[PDB]
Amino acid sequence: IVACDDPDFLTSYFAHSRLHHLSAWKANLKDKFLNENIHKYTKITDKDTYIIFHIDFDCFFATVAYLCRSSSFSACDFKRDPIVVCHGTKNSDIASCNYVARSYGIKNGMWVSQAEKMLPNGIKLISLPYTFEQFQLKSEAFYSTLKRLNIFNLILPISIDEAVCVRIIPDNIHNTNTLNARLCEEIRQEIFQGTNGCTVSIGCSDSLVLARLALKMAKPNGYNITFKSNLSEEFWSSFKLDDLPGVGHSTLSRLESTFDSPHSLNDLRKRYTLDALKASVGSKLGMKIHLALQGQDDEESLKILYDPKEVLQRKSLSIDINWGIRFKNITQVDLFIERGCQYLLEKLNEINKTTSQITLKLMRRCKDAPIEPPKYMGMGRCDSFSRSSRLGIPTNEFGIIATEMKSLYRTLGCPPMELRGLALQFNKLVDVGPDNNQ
């Protein structure tokens, strides 16, 4: 057990945090793409007609943790038992749950205690531990398989369990559903073999947005090919508004208020005007949703196809620790800030950059919120405060950065005992060139 004022806290927390693992795995994949392709020109041009294959593991953590489960879980059955991956037993996040669990209404991100309430009597939840190294190894097999197939011009990492793979069609070749179906089945079988039993589903389309919707329709353990010329009422009727890219809870709430509570993308499609859409959720989001409902990508989304190196290039660097923050005095806060800056500068030096602007964000307990929230060591109900500072010269100097980070904390005026979370950020990154005579 490692408390936040222990030097080992950052290491222990990140070792246990599945969300830290997801973010670090994604950042590593982005860096590997940029280094694999230092010379290879990977971009899609306007001359290219392309097909998108959006490929994603089915309940990734749950599948892998089950396949690699310890002897205590030998009799566990993946197709018959509701299985979750989590740390705890009560207010612990379900990182992933299998499709049996989902048939009862359980979802990723729910708390274990919330999920147990949805099971009828006689049905018990099986909770498996995290297997972080195996998650990474199966993802390696996944990405290696996608390359070995030699069928994609461009393989874009989306996450540990997910990639956008692009196939350019020569104007002389006649693409067919049958050819796409066989590619989907090849990919699914080769990854199933290469991962020793994990399944992926595949959305296949001529837009990024349709491939994402096709993928959702394909799941679990299937594929779906839906081109813009294949669009239909049956297709749109199969999705909730939440399924549209760019629509999270806050946008969903606004769309439900503005358009008489639609219950499918087919509902929304028939009720919306572009202008009321923009008014409800915002101008750029409203235009994105408008295009998405026609099967079409927006300018912002297409950038990853036409300039992936620029898109996947890292422009900021940060850490966020909003769990286990319980400090008694400012000396201990300041030491934690120093440890966080040391960790971030180690990353900054690994990528051979300097930073010219930094940000500190904190979570502060709301005045009438309990000192100890429902979730053990949780941040609880808070408000956020951030403040940033431009540095004189771009720097990688600990003394400058840590001093300014501690000044930003001082500026924000949060009593140490009220602190519930900290984020430390390097906002603008500058390359270190061969010439440093200044």
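Position 1 is the first residue in the sequence shown; the rest follow in order. Take the two forms, find the largest set of C-alpha atoms that superpose within 1.5 Å, and that set is the rigid core.
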{"property": "Larger mean CA deviation from the shown form in 9 other deposited structures of this protein [core fit; 146-154 vs 116-124]", "result": "116-124"}
{"property": "Larger mean CA deviation from the shown form in 9 other deposited structures of this protein [core fit; 211-219 vs 362-370]", "result": "362-370"}
{"property": "Stretch with the greater mean C-alpha B-factor as recorded in the entry, comparing 254-262 against 192-200", "result": "254-262"}
{"property": "Which of 36-44 and 389-397 has higher mean CA B factor, as the PDB entry lists it", "result": "36-44"}
{"property": "Candidate residues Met118, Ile155, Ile187, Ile158, the one whose C-alpha B factor the record puts highest", "result": "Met118"}
{"property": "Per the PDB entry, maximal CA B factor within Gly340, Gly324, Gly105, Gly295", "result": "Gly105"}
{"property": "Where the record places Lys124 (Cα B-factor, split into thirds across the chain)", "result": "highest"}
{"property": "Ranked C-alpha temperature factor of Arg410 among modelled chain residues, by third", "result": "middle"}
{"property": "Record-listed C-alpha B factor of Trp236: chain third", "result": "middle"}
{"property": "Among modelled residues of the same chain, the CA temperature factor third for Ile371", "result": "highest"}
{"property": "Where the record places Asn427 (Cα B-factor, split into thirds across the chain)", "result": "highest"}
